[PDB]
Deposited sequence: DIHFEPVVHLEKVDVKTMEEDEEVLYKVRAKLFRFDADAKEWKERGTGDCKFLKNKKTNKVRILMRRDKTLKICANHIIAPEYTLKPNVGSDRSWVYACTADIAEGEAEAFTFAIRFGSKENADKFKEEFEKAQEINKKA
């Protein structure tokens, strides 16, 4: 009897954490939210390269997409014990690679310290590759 008729599949999830991402707008000299949702460290199973991939709640639109470059440095923000600011030279969330000053804030200092730990582990992996 005849019966009735993302581009993340190549990647291992190294780390996942809820976060709010900001970009600095020097013109207004003010932080602007870029998105809230799961920040993921994705290791490409072909190149062994680790990127940050962050998608907004509800819409799942990309708010960060960049290599965790070995040359990046996580710096505290004056206002927060649970945030990192870093320069990103090439983020492709909005298509064309752009430089940004990012800030990413977590639910807790613990989450932010863990993020820094993982971000450094990712920098080493990217260094070897």
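Counting the deposited sequence from 1, the stretches lacking C-alpha coordinates are 1-3, 9-16.
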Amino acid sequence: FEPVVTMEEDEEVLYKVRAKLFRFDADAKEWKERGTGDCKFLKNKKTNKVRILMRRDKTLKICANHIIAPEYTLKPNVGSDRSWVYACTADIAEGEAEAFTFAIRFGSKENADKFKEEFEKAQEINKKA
From here on, numbers count along this sequence of modelled residues.
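Look at the C-alpha B-factors of 57-65 and of 41-49. On average they run higher in 41-49.
Stretches 25-33 and 76-84 differ in mean C-alpha B factor, with the higher average recorded for 25-33. Among all modelled residues in its chain, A90 ranks in the middle third by Cα B-factor. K121 sits in the highest third of its chain by CA B factor, as recorded in the PDB entry. When the modelled residues of the chain are ordered by their C-alpha B factor, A19 lands in the lowest third.
Placement of the Cα temperature factor of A103 within the chain: lowest third of the modelled residues, per the deposited record.
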